[PDB]
Ligand SMILES: Cc1cc2nc3c(=O)[nH]c(=O)nc-3n(C[C@H](O)[C@H](O)[C@H](O)COP(=O)(O)OP(=O)(O)OC[C@H]3O[C@@H](n4cnc5c(N)ncnc54)[C@H](O)[C@@H]3O)c2cc1C
Ligand SMILES: NC(=O)c1ccc[n+]([C@@H]2O[C@H](COP(=O)([O-])OP(=O)(O)OC[C@H]3O[C@@H](n4cnc5c(N)ncnc54)[C@H](OP(=O)(O)O)[C@@H]3O)[C@@H](O)[C@H]2O)c1
Ligand SMILES: CCCCCC(=O)O
């Protein structure tokens, strides 16, 4: 008989909600282990300047509690890291969840014990305990990726990853270097350029970026949104990307050149990178002329905004508009600042980090006090592979994932009885809170069913999982997304497999898949009594 009914790993959006359901709704004995010193997951760790979410604030939140929806106010269109952290803290208080969240506790081992049919979980702290159900809410974008750049550890000043931003660090008036220009890099750069004495950008691959449209909320708009929240959430849940806008059904090449320009301009003026990729035309990410047209539209704005022709050239990507789409408050305009310098690593690669800065292949030592790694994450599977996580057959999860990470439905794993993942591999690529709520609710129901019916294990079959791999691959091969090199398909860490790691059918379709599996009696699962 186990120490706990369930153990949940992680105290981000995922685990907070998981806990709430397993404890407050099902009345189970549950504990959460979180390695951080406080709850919030992403929004605990990512304390860097400019950290914020690109999901517009009205839908970057839970939806399951209608009271909370209507009581909580947000004051700017998009939510800053501190505003989201404060929200997740308020949820934690609201639901009396802190008492079952054990902070500072890294789970190092999770071992299915076939004798007892229980999960045995070990912490860095040398606690081992048993639970019937394990839920892993480890975060898709949680495990910092810090490349082994030569000389990195010789750097004399403050060297930090964005995902480890120390609360004491004030970059005001300092000479700041940043490596990486994805969504983290670029929003850091915008905010950091207002603070630092000099900001040096080390850019390996330029990205496309559109305006965010960020700005203050009017209390009447907040009221309007809240009046209509039921409707708003219905739209979200039947949408593709769940960002609170209706995706376009217009093929981009089916209108005039003037119409393409106007639709793009209109989306540019309103802002949001997901709006620009999906609310403009329906085939930006499937049709290559449609994509090329979106991309050229962005290039023309770079060339207009950026006054130095050389900087504009270095900023202008030539590859597909098919990475996670960015937005920012005046990203390209930042490079007209006099305290910002752009180094292209295609032309002048980093040779060595040295005590006083970064020496590039040109021989130039860029002298710096702070070196910021916005070099992203061992995404999706990183925290799973770094855990001593072993299933029924005693094999480490790495031995099940030799071609890429796998699951059934993004939330279960063949060979891993009674384990459920929140934002596991091959789940939705959407505004994440509502995908999380879908997962959590679905897991709950199943755990509750095993409970009421006296099941001992629940496990997806090997065939069900391999069917889901097929599905995810086939959906991704109908898109351009696999032709974009990023973390989304792995390989952003040399030696990491290149592989499909998301269900790209969208939230509405992903919810339907979940509800079909439930409602048909969990075909694909072995339900042992
Ligand atoms: C800068 C930034 C901006 C983003 N903007 C958006 C956005 O606009 N829209 C959007 O949908 N998503 C965005 N995301 C993704 C974001 O991660 C999700 O929105 C959401 O916060 C995920 O919550 P989660 O609980 O699944 O994972 P996380 O919030 O990543 O929480 C996972 C937790 O698990 C803990 N943990 C991991 N492994 C272990 C272990 N072995 N033992 C113990 N604890 C462990 C971690 O320390 C972490 O606290 C953004 C991410 C970042 C980093
Ligand atoms: N605004 C938001 O809502 C927001 C903010 C931050 C993060 N996020 C989410 O988090 C995801 C990850 O974002 P991210 O920007 O943190 O990571 P990222 O998209 O993985 O970008 C990593 C950056 O570091 C660079 N890089 C990696 N290895 C390097 C090396 N060895 N040398 C030099 N440069 C290197 C990459 O260049 P290459 O492209 O050449 O590899 C890229 O510019 C986003 O895509 C998004 O989903 C969202
Ligand atoms: C896995 C990430 C899904 C999209 C939310 C984001 O880009 O932050």
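A few comments on the model shown:
- Relative to the longest principal axis of the Cα atoms of the chain, helix 257-270 runs at roughly 70 degrees.
- Helix 81-94 axis, angle to the chain major axis (alpha carbon atoms, nearest 10°): 20
- Counting DSSP beta bridges with both ends in the chain, the antiparallel % (nearest 5): 40
- If you wrap the stretch 148-377 in the convex hull of its Cα atoms and look at it from every side, the mean projected area works out to 14.8 nm².
- Model label points for residue 234 and residue 98, set 7 angstrom from Cα along the Cα-to-Cβ axis, are 3.9 nm apart.
- Using distinct alpha-carbon pairs, which all enter the 1/r mean, Kirkwood radius of the stretch 263-339 in Å: 13.0
- Mean Cβ count within 10 Å, highest first, over the residues of peptides 473-485, 497-509: 497-509, 473-485
- Annotation for the stretch 437-504 versus the stretch 318-353: alpha-carbon center distance of 33 Å.
- In the stretch 357-483, the C-alpha radius of gyration followed by the widest Cα-Cα span (Dmax) gives 19.7, 70 angstrom.
- Cα-based Rg of the chain normalised by 2.2 N^0.38 Å, two decimals: 0.97
- Backbone N under 17 Å from the residue 258 label point (7 Å along Cα→Cβ), restricted to the stretch 299-340: none
- Centre separation in Å (Cα based) which lies between the stretch 413-430 and the stretch 131-150: 14
- Chain lengthening between residue 75 and residue 154 when straightened (0.36 nm per residue, less Cα-Cα): 24.2 nm
- Label sites at residue 523 and residue 346, each approximated as a point 7 angstrom past Cα along Cα to Cβ, lie 5.0 nm apart.
- Gap separating the Cα centres of the stretch 1-67 and the stretch 154-225, nearest whole Å: 25
- Peptide ranges 191-197, 433-439 listed from the most packed, as the mean C-beta count within 10 angstrom indicates: 433-439, 191-197
- Computed label-point distance, nm, for sites residue 227 and residue 114 using a 7 Å Cα→Cβ extension: 6.2
- The smallest convex shape that holds all Cα atoms of the stretch 1-118, its convex hull, gives 117 Å³ per residue.
Note that each Cβ is placed from the backbone with ideal geometry, even for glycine, and that neighbours are counted across all protein chains shown. Bear in mind that the values in this text are calculations on the coordinates, not laboratory data.
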